[PDB]
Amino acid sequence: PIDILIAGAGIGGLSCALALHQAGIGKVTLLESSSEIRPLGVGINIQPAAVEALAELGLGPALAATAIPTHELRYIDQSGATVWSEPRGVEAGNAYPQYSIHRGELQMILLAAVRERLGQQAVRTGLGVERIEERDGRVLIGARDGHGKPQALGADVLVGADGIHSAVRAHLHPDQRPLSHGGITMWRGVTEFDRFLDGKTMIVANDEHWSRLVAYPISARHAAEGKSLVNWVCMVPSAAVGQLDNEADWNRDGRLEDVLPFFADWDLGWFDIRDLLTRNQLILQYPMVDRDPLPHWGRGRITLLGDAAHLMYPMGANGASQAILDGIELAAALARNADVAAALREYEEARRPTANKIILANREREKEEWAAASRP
């Protein structure tokens, strides 16, 4: 009968709690520094294998009623023509859809599942992990609550699912490099459309200056009303931009005036990028950052999961897909081995080398495309 503390109730944390629960793992509590839990963020992509996991955990219909089953990816040239096209999700041969979904809508689905299945008490909101120590088979936590009081908690396992600015990671890896800048500035947003193609096709494009665009629908609710909520991502070399901010924060409001100049010359014909940016309901900015590959994640009875373990550039199958798949492996590891520290090790030896493969390949692809863009 082990008691598990999870720092962070983001996508990785909630989903892990669910995997643990399904695997029959017992007492799980999670600690979230935010006072209340909010549907923040913009569109994200859930790859088929992670949707498979979420469906296995009984989330299939909640996803089906929220997210878009993206069936197609088109890359279009600067005149609007489809150059490359590919199937996605079931049509591409996967047993499950890829789901394009609003992050905060996904978080709410996860939060409700956890609340229903292990009681409202499982999610301790307003409680950020600050101090950590492993002492005699037991993890001992200093936390601080809403309106400032310190709190002491203990557990058999501590799972650091606490995102980009992970305190558990910082405890475990005090010699870590700062966030690594990939050299690309991103703006993110949502715009309302009546129709955007068939409502389930992802669009990609780029400049001769390597300004890239990604736009895809993310809302089943809108589609069921005739409408389309189109998520968009604008990616611009930071060498073009200069320093937009001293911060890397998932909720940083961006400026129409910073991003538009880069897209203003576009004439796609069928798709109006100026209109897309101009009618945003939200612009956020974010510098494309990751962290260096670690040779190890955890130590003793403390491990790492999600962005805390392996922050990657937010594209494709990175992010939530990897965090959900981490949780599956951790629950399975913990279920299989009675000796907790060996289970925790067995979990990351499954997940770390893959995560490090992706980090290094992403950097290299990015590097190569930038070098190519830079020649005259």
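All residue numbers are counted from 1 along the displayed sequence.
Of the two segments examined, 24-32 and 52-60, it is 24-32 that shows the higher average Cα temperature factor in the deposited entry.
Legend: mean Cα B-factor per stretch from the PDB entry, 137-145 versus 105-113; the higher mean is in 137-145. As recorded in the PDB entry, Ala343 shows the highest C-alpha B-factor of the residues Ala343, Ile46, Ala308, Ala323. Highest C-alpha temperature factor among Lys200, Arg177, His165, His296, as the PDB entry reports it: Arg177. Per the deposited record, the Cα B-factor of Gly41 falls in the highest third when ranked against the other modelled residues of its chain. Among the modelled residues of its chain, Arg124 has a C-alpha B-factor that falls in the highest third according to the deposited record.
Sort the chain's modelled residues by C-alpha temperature factor and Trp266 lands in the highest third, per the entry.
Per the deposited record, the Cα B-factor of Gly160 falls in the lowest third when ranked against the other modelled residues of its chain. Sorting the modelled residues of the chain by their CA temperature factor places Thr82 in the middle third.
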